[PDB]
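These notes are about the structure you will find just below.
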Amino acid sequence: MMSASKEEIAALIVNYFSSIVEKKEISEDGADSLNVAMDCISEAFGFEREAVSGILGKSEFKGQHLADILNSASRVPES
Amino acid sequence: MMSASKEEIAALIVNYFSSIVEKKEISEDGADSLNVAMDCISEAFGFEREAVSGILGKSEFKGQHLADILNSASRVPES
Amino acid sequence: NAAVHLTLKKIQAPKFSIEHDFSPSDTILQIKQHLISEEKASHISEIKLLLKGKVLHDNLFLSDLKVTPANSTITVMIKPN
C-alpha cells in the first residue's frame, strides 16, 4: 500500500498472531511460543506490544489482517 | 492465490526476517531476537526454518517476499 | 552425569552470555533464581527462557531439556510483562 516499511509489516505480523490465538487456531503448546515471539518482534522494531492498535490506525491497514491481505494476493508463478 | 494457508504465511514471515539478517538490516540484538523468533514460529506451526526454501518452492510465493507482496497489496479504507 | 552445562545468553541488548553447571534435579525456576543472583534480572516473572523456539516453563526440569553440544545455549528473554 504505502511503503510496507518494517513497522507496517510488523503490525500485520503481530496482528495475525493475535488473530490466531483469539479464535484459538493453535494449541497452548505453540500459543505461548507466539506469545513471547510477538514481544520479541515488538522490541526488535521498537514498538509496544499493546500499541498495535495505534499502528494499524495511523497506517492504511485498518480492518486488514496479514491473512486477508495475503489471501487477496493472486501471485501466479510463471515458471 | 490458493488461499492463505498458515504454513505459507509463516514461511513468508520467517523469510522476511531472513531477508533482514542476510544483509544486517537489523541491529546485533535484533538479529539474535529475530533468529529465535523464527525458531518459535517454525516449531509452533510444524516446520523447520531450514526448510523454508522447500515451502516457498511449493507455494505461489516462490521468488517473492512478505515485503514486496505487502507493498503491492493496496487497500483503500473508505472511512 | 549430574553436570548439566548450560549457556545463558540474552538476545536483547545488552546481550550477556554466561555459562554454568546445574543439576538434572533443578527446574527452569532455578535458572531464573540464579540469573537474579548474578544481577542480570530483577523478577522471576520477567525471565522467560526458550529452547529451539519452545518456551521453557518453571515446572520443566533441566533433565527434560533437549540440550546438546550444538544447542547448549538457552534463550534468555527479559521483559516487564
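Chain identifiers are assigned as A, B, and so on, following the order in which chains appear in the C-alpha cells; residues are numbered from 1 within each chain, and ligands are numbered from 1 in order of appearance.
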
Inset, instruction - Compute the set of chain C residues within 9 Å of chain A, using only C-alpha atoms, and express it as a ChimeraX atom specification. - result: /C:12,48,50,53-55,77,79

Dump as a PDB file, in the first residue's frame, selection limited to N, CA and C atoms:
```pdb
ATOM      1  N   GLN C  12      18.299  -9.702  23.596  1.00  0.00           N
ATOM      2  CA  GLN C  12      18.069  -8.264  23.589  1.00  0.00           C
ATOM      3  C   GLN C  12      19.193  -7.551  24.331  1.00  0.00           C
ATOM      4  N   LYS C  48      11.846 -15.140  30.865  1.00  0.00           N
ATOM      5  CA  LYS C  48      11.195 -16.155  30.056  1.00  0.00           C
ATOM      6  C   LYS C  48      12.249 -16.852  29.201  1.00  0.00           C
ATOM      7  N   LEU C  50      13.731 -19.851  26.619  1.00  0.00           N
ATOM      8  CA  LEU C  50      13.289 -20.602  25.454  1.00  0.00           C
ATOM      9  C   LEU C  50      14.410 -21.486  24.918  1.00  0.00           C
ATOM     10  N   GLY C  53      12.887 -22.483  20.224  1.00  0.00           N
ATOM     11  CA  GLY C  53      11.555 -21.969  19.979  1.00  0.00           C
ATOM     12  C   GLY C  53      10.564 -22.394  21.042  1.00  0.00           C
ATOM     13  N   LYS C  54      10.872 -23.480  21.734  1.00  0.00           N
ATOM     14  CA  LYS C  54       9.993 -23.985  22.776  1.00  0.00           C
ATOM     15  C   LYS C  54      10.210 -23.228  24.080  1.00  0.00           C
ATOM     16  N   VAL C  55       9.142 -22.632  24.595  1.00  0.00           N
ATOM     17  CA  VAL C  55       9.207 -21.881  25.840  1.00  0.00           C
ATOM     18  C   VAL C  55       9.434 -22.818  27.024  1.00  0.00           C
ATOM     19  N   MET C  77      14.969 -14.282  27.697  1.00  0.00           N
ATOM     20  CA  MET C  77      14.132 -13.139  27.360  1.00  0.00           C
ATOM     21  C   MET C  77      13.701 -12.437  28.638  1.00  0.00           C
ATOM     22  N   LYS C  79      11.543  -9.208  30.097  1.00  0.00           N
ATOM     23  CA  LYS C  79      10.585  -8.145  29.824  1.00  0.00           C
ATOM     24  C   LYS C  79       9.631  -7.959  31.000  1.00  0.00           C
TER      25      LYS C  79
END
```

Same-sequence overlay, chain A on chain B, C-alpha least squares, as an mmCIF file with N, CA, C and O atoms, in the first residue's frame:
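The resulting out35.cif:
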```cif
data_model
loop_
_atom_site.group_PDB
_atom_site.id
_atom_site.type_symbol
_atom_site.label_atom_id
_atom_site.label_comp_id
_atom_site.auth_asym_id
_atom_site.auth_seq_id
_atom_site.Cartn_x
_atom_site.Cartn_y
_atom_site.Cartn_z
ATOM 1 N N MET A 1 -3.199 -15.696 -2.603
ATOM 2 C CA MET A 1 -3.029 -16.497 -3.841
ATOM 3 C C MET A 1 -3.847 -17.787 -3.779
ATOM 4 O O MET A 1 -4.989 -17.823 -4.232
ATOM 5 N N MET A 2 -3.265 -18.837 -3.200
ATOM 6 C CA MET A 2 -3.947 -20.124 -3.087
ATOM 7 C C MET A 2 -4.997 -20.106 -1.981
ATOM 8 O O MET A 2 -6.195 -20.053 -2.255
ATOM 9 N N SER A 3 -4.558 -20.155 -0.733
ATOM 10 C CA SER A 3 -5.489 -20.135 0.384
ATOM 11 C C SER A 3 -4.953 -19.327 1.559
ATOM 12 O O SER A 3 -5.708 -18.979 2.467
ATOM 13 N N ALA A 4 -3.655 -19.027 1.529
ATOM 14 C CA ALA A 4 -3.010 -18.256 2.588
ATOM 15 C C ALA A 4 -3.129 -18.974 3.924
ATOM 16 O O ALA A 4 -3.499 -18.382 4.937
ATOM 17 N N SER A 5 -2.833 -20.264 3.904
ATOM 18 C CA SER A 5 -2.889 -21.079 5.102
ATOM 19 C C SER A 5 -1.762 -20.693 6.054
ATOM 20 O O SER A 5 -0.868 -19.926 5.691
ATOM 21 N N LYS A 6 -1.800 -21.240 7.258
ATOM 22 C CA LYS A 6 -0.796 -20.947 8.270
ATOM 23 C C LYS A 6 0.620 -21.209 7.765
ATOM 24 O O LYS A 6 1.522 -20.411 8.004
ATOM 25 N N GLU A 7 0.805 -22.312 7.044
ATOM 26 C CA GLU A 7 2.114 -22.656 6.505
ATOM 27 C C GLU A 7 2.528 -21.692 5.391
ATOM 28 O O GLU A 7 3.706 -21.353 5.263
ATOM 29 N N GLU A 8 1.552 -21.241 4.602
ATOM 30 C CA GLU A 8 1.811 -20.316 3.504
ATOM 31 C C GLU A 8 2.313 -18.982 4.045
ATOM 32 O O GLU A 8 3.311 -18.438 3.569
ATOM 33 N N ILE A 9 1.619 -18.473 5.055
ATOM 34 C CA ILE A 9 1.970 -17.204 5.675
ATOM 35 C C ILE A 9 3.270 -17.318 6.466
ATOM 36 O O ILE A 9 4.135 -16.447 6.375
ATOM 37 N N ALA A 10 3.408 -18.406 7.223
ATOM 38 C CA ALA A 10 4.598 -18.635 8.043
ATOM 39 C C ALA A 10 5.883 -18.567 7.225
ATOM 40 O O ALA A 10 6.872 -17.967 7.653
ATOM 41 N N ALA A 11 5.858 -19.180 6.045
ATOM 42 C CA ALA A 11 7.014 -19.192 5.160
ATOM 43 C C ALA A 11 7.428 -17.773 4.787
ATOM 44 O O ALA A 11 8.611 -17.439 4.791
ATOM 45 N N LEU A 12 6.446 -16.939 4.486
ATOM 46 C CA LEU A 12 6.710 -15.559 4.110
ATOM 47 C C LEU A 12 7.219 -14.746 5.299
ATOM 48 O O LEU A 12 8.064 -13.863 5.145
ATOM 49 N N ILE A 13 6.710 -15.060 6.488
ATOM 50 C CA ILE A 13 7.117 -14.367 7.704
ATOM 51 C C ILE A 13 8.584 -14.645 8.012
ATOM 52 O O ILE A 13 9.378 -13.718 8.192
ATOM 53 N N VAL A 14 8.950 -15.925 8.045
ATOM 54 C CA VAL A 14 10.329 -16.306 8.327
ATOM 55 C C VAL A 14 11.261 -15.844 7.210
ATOM 56 O O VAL A 14 12.422 -15.507 7.455
ATOM 57 N N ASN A 15 10.740 -15.808 5.986
ATOM 58 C CA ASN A 15 11.520 -15.360 4.838
ATOM 59 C C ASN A 15 11.835 -13.876 4.974
ATOM 60 O O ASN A 15 12.949 -13.436 4.681
ATOM 61 N N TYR A 16 10.847 -13.111 5.432
ATOM 62 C CA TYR A 16 11.015 -11.680 5.634
ATOM 63 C C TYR A 16 12.127 -11.426 6.648
ATOM 64 O O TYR A 16 13.016 -10.608 6.416
ATOM 65 N N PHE A 17 12.084 -12.158 7.759
ATOM 66 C CA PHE A 17 13.098 -12.027 8.801
ATOM 67 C C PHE A 17 14.475 -12.383 8.252
ATOM 68 O O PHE A 17 15.469 -11.724 8.565
ATOM 69 N N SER A 18 14.517 -13.418 7.419
ATOM 70 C CA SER A 18 15.763 -13.856 6.806
ATOM 71 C C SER A 18 16.315 -12.767 5.885
ATOM 72 O O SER A 18 17.524 -12.551 5.811
ATOM 73 N N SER A 19 15.414 -12.064 5.209
ATOM 74 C CA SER A 19 15.801 -10.993 4.303
ATOM 75 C C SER A 19 16.389 -9.820 5.084
ATOM 76 O O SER A 19 17.388 -9.229 4.675
ATOM 77 N N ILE A 20 15.772 -9.503 6.222
ATOM 78 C CA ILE A 20 16.219 -8.401 7.069
ATOM 79 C C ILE A 20 17.648 -8.620 7.555
ATOM 80 O O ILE A 20 18.490 -7.729 7.453
ATOM 81 N N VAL A 21 17.919 -9.808 8.076
ATOM 82 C CA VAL A 21 19.248 -10.123 8.587
ATOM 83 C C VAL A 21 20.270 -10.325 7.467
ATOM 84 O O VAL A 21 21.463 -10.102 7.668
ATOM 85 N N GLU A 22 19.801 -10.721 6.286
ATOM 86 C CA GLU A 22 20.689 -10.948 5.150
ATOM 87 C C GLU A 22 21.379 -9.656 4.723
ATOM 88 O O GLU A 22 22.606 -9.591 4.647
ATOM 89 N N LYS A 23 20.585 -8.622 4.462
ATOM 90 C CA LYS A 23 21.125 -7.328 4.050
ATOM 91 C C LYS A 23 21.440 -6.456 5.262
ATOM 92 O O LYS A 23 21.770 -5.276 5.125
ATOM 93 N N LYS A 24 21.340 -7.063 6.443
ATOM 94 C CA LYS A 24 21.610 -6.390 7.711
ATOM 95 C C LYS A 24 20.819 -5.091 7.853
ATOM 96 O O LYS A 24 21.382 -3.995 7.820
ATOM 97 N N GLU A 25 19.511 -5.221 7.992
ATOM 98 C CA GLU A 25 18.640 -4.066 8.154
ATOM 99 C C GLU A 25 18.261 -3.882 9.617
ATOM 100 O O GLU A 25 17.465 -3.012 9.963
ATOM 101 N N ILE A 26 18.846 -4.704 10.472
ATOM 102 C CA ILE A 26 18.577 -4.647 11.898
ATOM 103 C C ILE A 26 19.871 -4.863 12.681
ATOM 104 O O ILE A 26 20.779 -5.555 12.208
ATOM 105 N N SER A 27 19.957 -4.258 13.855
ATOM 106 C CA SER A 27 21.133 -4.375 14.695
ATOM 107 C C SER A 27 21.192 -5.748 15.351
ATOM 108 O O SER A 27 20.173 -6.430 15.477
ATOM 109 N N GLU A 28 22.389 -6.142 15.768
ATOM 110 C CA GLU A 28 22.612 -7.431 16.416
ATOM 111 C C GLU A 28 21.718 -7.625 17.641
ATOM 112 O O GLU A 28 21.417 -8.756 18.025
ATOM 113 N N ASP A 29 21.292 -6.516 18.239
ATOM 114 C CA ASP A 29 20.422 -6.548 19.414
ATOM 115 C C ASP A 29 19.117 -7.267 19.092
ATOM 116 O O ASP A 29 18.745 -8.234 19.757
ATOM 117 N N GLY A 30 18.442 -6.800 18.053
ATOM 118 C CA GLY A 30 17.183 -7.397 17.656
ATOM 119 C C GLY A 30 17.376 -8.579 16.730
ATOM 120 O O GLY A 30 16.463 -9.386 16.546
ATOM 121 N N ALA A 31 18.567 -8.684 16.147
ATOM 122 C CA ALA A 31 18.882 -9.778 15.236
ATOM 123 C C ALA A 31 18.734 -11.135 15.915
ATOM 124 O O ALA A 31 18.130 -12.051 15.359
ATOM 125 N N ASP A 32 19.276 -11.257 17.124
ATOM 126 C CA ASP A 32 19.188 -12.514 17.864
ATOM 127 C C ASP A 32 17.755 -12.785 18.313
ATOM 128 O O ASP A 32 17.343 -13.940 18.446
ATOM 129 N N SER A 33 16.994 -11.714 18.537
ATOM 130 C CA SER A 33 15.601 -11.838 18.945
ATOM 131 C C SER A 33 14.792 -12.507 17.834
ATOM 132 O O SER A 33 14.034 -13.446 18.078
ATOM 133 N N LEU A 34 14.973 -12.026 16.608
ATOM 134 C CA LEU A 34 14.277 -12.591 15.459
ATOM 135 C C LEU A 34 14.837 -13.972 15.135
ATOM 136 O O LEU A 34 14.128 -14.843 14.632
ATOM 137 N N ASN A 35 16.118 -14.150 15.440
ATOM 138 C CA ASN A 35 16.812 -15.417 15.210
ATOM 139 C C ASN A 35 16.121 -16.554 15.964
ATOM 140 O O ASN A 35 15.860 -17.620 15.404
ATOM 141 N N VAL A 36 15.803 -16.317 17.232
ATOM 142 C CA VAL A 36 15.135 -17.327 18.041
ATOM 143 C C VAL A 36 13.634 -17.367 17.743
ATOM 144 O O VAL A 36 13.034 -18.441 17.694
ATOM 145 N N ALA A 37 13.043 -16.194 17.508
ATOM 146 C CA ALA A 37 11.618 -16.098 17.208
ATOM 147 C C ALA A 37 11.267 -16.904 15.962
ATOM 148 O O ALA A 37 10.230 -17.563 15.909
ATOM 149 N N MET A 38 12.151 -16.858 14.971
ATOM 150 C CA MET A 38 11.955 -17.585 13.720
ATOM 151 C C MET A 38 11.807 -19.080 13.986
ATOM 152 O O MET A 38 10.971 -19.755 13.382
ATOM 153 N N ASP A 39 12.618 -19.585 14.906
ATOM 154 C CA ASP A 39 12.588 -20.996 15.260
ATOM 155 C C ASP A 39 11.305 -21.341 16.012
ATOM 156 O O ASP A 39 10.696 -22.386 15.769
ATOM 157 N N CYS A 40 10.890 -20.452 16.915
ATOM 158 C CA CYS A 40 9.664 -20.660 17.681
ATOM 159 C C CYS A 40 8.471 -20.763 16.735
ATOM 160 O O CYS A 40 7.587 -21.603 16.915
ATOM 161 N N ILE A 41 8.462 -19.907 15.720
ATOM 162 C CA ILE A 41 7.395 -19.903 14.727
ATOM 163 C C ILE A 41 7.405 -21.219 13.952
ATOM 164 O O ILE A 41 6.357 -21.813 13.697
ATOM 165 N N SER A 42 8.603 -21.676 13.605
ATOM 166 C CA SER A 42 8.768 -22.918 12.862
ATOM 167 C C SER A 42 8.202 -24.110 13.633
ATOM 168 O O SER A 42 7.495 -24.947 13.070
ATOM 169 N N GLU A 43 8.496 -24.168 14.926
ATOM 170 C CA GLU A 43 8.025 -25.257 15.772
ATOM 171 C C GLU A 43 6.516 -25.182 16.003
ATOM 172 O O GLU A 43 5.838 -26.206 16.030
ATOM 173 N N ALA A 44 6.004 -23.965 16.153
ATOM 174 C CA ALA A 44 4.580 -23.750 16.397
ATOM 175 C C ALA A 44 3.702 -24.277 15.265
ATOM 176 O O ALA A 44 2.666 -24.890 15.513
ATOM 177 N N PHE A 45 4.115 -24.038 14.023
ATOM 178 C CA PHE A 45 3.336 -24.488 12.873
ATOM 179 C C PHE A 45 3.710 -25.904 12.435
ATOM 180 O O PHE A 45 2.957 -26.563 11.710
ATOM 181 N N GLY A 46 4.875 -26.366 12.874
ATOM 182 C CA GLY A 46 5.315 -27.704 12.540
ATOM 183 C C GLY A 46 6.112 -27.788 11.254
ATOM 184 O O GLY A 46 5.723 -28.493 10.322
ATOM 185 N N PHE A 47 7.213 -27.057 11.187
ATOM 186 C CA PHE A 47 8.077 -27.085 10.018
ATOM 187 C C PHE A 47 9.513 -26.767 10.415
ATOM 188 O O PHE A 47 9.751 -26.135 11.445
ATOM 189 N N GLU A 48 10.461 -27.227 9.618
ATOM 190 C CA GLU A 48 11.867 -26.990 9.907
ATOM 191 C C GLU A 48 12.302 -25.598 9.467
ATOM 192 O O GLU A 48 11.858 -25.093 8.435
ATOM 193 N N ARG A 49 13.174 -24.992 10.261
ATOM 194 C CA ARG A 49 13.688 -23.656 9.989
ATOM 195 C C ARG A 49 14.366 -23.582 8.619
ATOM 196 O O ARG A 49 14.172 -22.625 7.868
ATOM 197 N N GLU A 50 15.143 -24.602 8.295
ATOM 198 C CA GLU A 50 15.862 -24.655 7.030
ATOM 199 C C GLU A 50 15.025 -25.294 5.920
ATOM 200 O O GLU A 50 15.538 -25.586 4.840
ATOM 201 N N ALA A 51 13.742 -25.502 6.178
ATOM 202 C CA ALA A 51 12.859 -26.106 5.185
ATOM 203 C C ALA A 51 12.027 -25.047 4.474
ATOM 204 O O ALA A 51 11.150 -25.366 3.665
ATOM 205 N N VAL A 52 12.321 -23.785 4.768
ATOM 206 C CA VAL A 52 11.609 -22.660 4.168
ATOM 207 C C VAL A 52 11.780 -22.649 2.647
ATOM 208 O O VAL A 52 10.872 -22.257 1.909
ATOM 209 N N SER A 53 12.937 -23.114 2.190
ATOM 210 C CA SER A 53 13.248 -23.170 0.772
ATOM 211 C C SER A 53 12.286 -24.099 0.038
ATOM 212 O O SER A 53 11.913 -23.849 -1.110
ATOM 213 N N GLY A 54 11.875 -25.166 0.712
ATOM 214 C CA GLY A 54 10.958 -26.111 0.115
ATOM 215 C C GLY A 54 9.532 -25.606 0.151
ATOM 216 O O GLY A 54 8.774 -25.794 -0.800
ATOM 217 N N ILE A 55 9.169 -24.944 1.244
ATOM 218 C CA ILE A 55 7.822 -24.404 1.400
ATOM 219 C C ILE A 55 7.535 -23.352 0.331
ATOM 220 O O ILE A 55 6.457 -23.338 -0.266
ATOM 221 N N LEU A 56 8.511 -22.486 0.083
ATOM 222 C CA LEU A 56 8.368 -21.439 -0.923
ATOM 223 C C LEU A 56 8.314 -22.042 -2.321
ATOM 224 O O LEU A 56 7.779 -21.438 -3.248
ATOM 225 N N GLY A 57 8.859 -23.246 -2.457
ATOM 226 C CA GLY A 57 8.867 -23.920 -3.737
ATOM 227 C C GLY A 57 7.551 -24.611 -4.028
ATOM 228 O O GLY A 57 6.972 -24.418 -5.097
ATOM 229 N N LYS A 58 7.075 -25.408 -3.074
ATOM 230 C CA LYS A 58 5.820 -26.132 -3.241
ATOM 231 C C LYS A 58 4.616 -25.187 -3.305
ATOM 232 O O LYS A 58 3.593 -25.509 -3.905
ATOM 233 N N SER A 59 4.743 -24.024 -2.677
ATOM 234 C CA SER A 59 3.678 -23.031 -2.689
ATOM 235 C C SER A 59 3.937 -22.029 -3.812
ATOM 236 O O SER A 59 5.057 -21.933 -4.316
ATOM 237 N N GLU A 60 2.918 -21.282 -4.215
ATOM 238 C CA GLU A 60 3.088 -20.309 -5.284
ATOM 239 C C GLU A 60 3.519 -18.955 -4.735
ATOM 240 O O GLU A 60 2.852 -17.942 -4.948
ATOM 241 N N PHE A 61 4.630 -18.952 -4.007
ATOM 242 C CA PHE A 61 5.165 -17.730 -3.419
ATOM 243 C C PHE A 61 6.666 -17.640 -3.675
ATOM 244 O O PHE A 61 7.386 -16.897 -3.010
ATOM 245 N N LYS A 62 7.129 -18.412 -4.649
ATOM 246 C CA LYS A 62 8.540 -18.433 -5.013
ATOM 247 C C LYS A 62 8.949 -17.112 -5.657
ATOM 248 O O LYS A 62 8.286 -16.624 -6.570
ATOM 249 N N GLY A 63 10.034 -16.531 -5.164
ATOM 250 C CA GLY A 63 10.504 -15.269 -5.700
ATOM 251 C C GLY A 63 9.731 -14.091 -5.136
ATOM 252 O O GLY A 63 9.776 -12.986 -5.684
ATOM 253 N N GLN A 64 9.012 -14.329 -4.047
ATOM 254 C CA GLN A 64 8.230 -13.289 -3.406
ATOM 255 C C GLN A 64 8.475 -13.277 -1.907
ATOM 256 O O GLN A 64 8.458 -14.321 -1.258
ATOM 257 N N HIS A 65 8.736 -12.098 -1.370
ATOM 258 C CA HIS A 65 8.972 -11.936 0.055
ATOM 259 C C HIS A 65 7.784 -11.213 0.669
ATOM 260 O O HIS A 65 7.051 -10.518 -0.037
ATOM 261 N N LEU A 66 7.605 -11.359 1.978
ATOM 262 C CA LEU A 66 6.498 -10.713 2.682
ATOM 263 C C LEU A 66 6.491 -9.207 2.428
ATOM 264 O O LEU A 66 5.431 -8.585 2.344
ATOM 265 N N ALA A 67 7.683 -8.635 2.286
ATOM 266 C CA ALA A 67 7.828 -7.210 2.032
ATOM 267 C C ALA A 67 7.256 -6.829 0.667
ATOM 268 O O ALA A 67 6.359 -5.995 0.582
ATOM 269 N N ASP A 68 7.766 -7.458 -0.394
ATOM 270 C CA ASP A 68 7.306 -7.170 -1.754
ATOM 271 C C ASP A 68 5.816 -7.450 -1.921
ATOM 272 O O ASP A 68 5.122 -6.733 -2.647
ATOM 273 N N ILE A 69 5.325 -8.484 -1.250
ATOM 274 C CA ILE A 69 3.911 -8.837 -1.325
ATOM 275 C C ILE A 69 3.045 -7.728 -0.726
ATOM 276 O O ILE A 69 2.105 -7.256 -1.365
ATOM 277 N N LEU A 70 3.383 -7.298 0.485
ATOM 278 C CA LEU A 70 2.639 -6.233 1.153
ATOM 279 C C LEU A 70 2.807 -4.919 0.403
ATOM 280 O O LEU A 70 1.908 -4.079 0.377
ATOM 281 N N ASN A 71 3.969 -4.759 -0.215
ATOM 282 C CA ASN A 71 4.283 -3.567 -0.990
ATOM 283 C C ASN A 71 3.374 -3.454 -2.212
ATOM 284 O O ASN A 71 3.134 -2.363 -2.725
ATOM 285 N N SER A 72 2.841 -4.584 -2.653
ATOM 286 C CA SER A 72 1.961 -4.609 -3.810
ATOM 287 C C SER A 72 0.491 -4.513 -3.392
ATOM 288 O O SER A 72 -0.405 -4.521 -4.235
ATOM 289 N N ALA A 73 0.248 -4.409 -2.091
ATOM 290 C CA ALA A 73 -1.113 -4.320 -1.577
ATOM 291 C C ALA A 73 -1.547 -2.869 -1.401
ATOM 292 O O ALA A 73 -1.218 -2.218 -0.402
ATOM 293 N N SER A 74 -2.288 -2.364 -2.369
ATOM 294 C CA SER A 74 -2.762 -0.993 -2.327
ATOM 295 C C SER A 74 -4.109 -0.892 -1.613
ATOM 296 O O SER A 74 -5.123 -0.557 -2.222
ATOM 297 N N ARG A 75 -4.110 -1.198 -0.323
ATOM 298 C CA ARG A 75 -5.325 -1.128 0.475
ATOM 299 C C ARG A 75 -5.710 0.329 0.713
ATOM 300 O O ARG A 75 -4.930 1.096 1.276
ATOM 301 N N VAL A 76 -6.900 0.706 0.266
ATOM 302 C CA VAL A 76 -7.378 2.070 0.431
ATOM 303 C C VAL A 76 -8.427 2.131 1.537
ATOM 304 O O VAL A 76 -9.482 1.504 1.433
ATOM 305 N N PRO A 77 -8.135 2.861 2.625
ATOM 306 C CA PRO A 77 -9.055 3.009 3.752
ATOM 307 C C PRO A 77 -10.209 3.948 3.413
ATOM 308 O O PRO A 77 -10.047 5.169 3.393
ATOM 309 N N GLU A 78 -11.366 3.375 3.138
ATOM 310 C CA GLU A 78 -12.548 4.154 2.803
ATOM 311 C C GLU A 78 -13.378 4.412 4.054
ATOM 312 O O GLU A 78 -14.562 4.085 4.111
ATOM 313 N N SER A 79 -12.731 4.984 5.061
ATOM 314 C CA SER A 79 -13.370 5.292 6.328
ATOM 315 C C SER A 79 -14.331 6.471 6.189
ATOM 316 O O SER A 79 -15.539 6.232 5.972
#
```

Inset, instruction - From the DSSP assignment of the backbone, select every residue of chain C that is alpha helix (DSSP H), and format the answer as a PyMOL selection string. - result: chain C and resi 28-37

Output C-alpha atoms for every residue in the selection just made, as a tab-separated table (two decimals), in the first residue's frame.
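Final output, again31.tsv:
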```
chain	number	residue	atom	x	y	z
C	28	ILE	CA	13.78	-23.77	34.94
C	29	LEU	CA	12.91	-21.76	38.05
C	30	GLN	CA	16.40	-22.47	39.44
C	31	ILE	CA	17.96	-20.87	36.37
C	32	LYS	CA	15.81	-17.79	36.85
C	33	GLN	CA	16.79	-17.62	40.51
C	34	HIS	CA	20.44	-17.97	39.53
C	35	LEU	CA	20.09	-15.19	36.94
C	36	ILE	CA	18.80	-12.81	39.62
C	37	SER	CA	21.69	-13.79	41.88
```

Legend entry - Non-local contacts of residue C:9 (10 Å; only C-alpha atoms; under 3 positions in same chain excluded) as JSON, numbers by chain: {"B": [32], "C": [6, 12, 14, 15, 16, 17, 18, 19, 49, 73, 74, 75, 76, 77]}

Output C-alpha atoms for every residue in that selection, as a short mmCIF file (atom, residue, chain, number, x, y, z; two decimals), in the first residue's frame.
```cif
data_model
loop_
_atom_site.label_atom_id
_atom_site.label_comp_id
_atom_site.auth_asym_id
_atom_site.auth_seq_id
_atom_site.Cartn_x
_atom_site.Cartn_y
_atom_site.Cartn_z
CA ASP B 32 19.59 -12.56 17.72
CA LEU C 6 24.04 -24.61 30.26
CA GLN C 12 18.07 -8.26 23.59
CA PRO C 14 22.70 -5.79 26.48
CA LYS C 15 23.47 -9.26 25.13
CA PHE C 16 25.20 -11.02 28.01
CA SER C 17 26.45 -14.60 27.92
CA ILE C 18 27.32 -16.74 30.95
CA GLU C 19 27.97 -20.46 31.32
CA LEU C 49 13.55 -18.86 28.82
CA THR C 73 22.56 -22.03 24.61
CA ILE C 74 19.36 -21.06 26.40
CA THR C 75 17.45 -18.04 25.11
CA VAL C 76 17.04 -15.53 27.93
CA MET C 77 14.13 -13.14 27.36
#
```
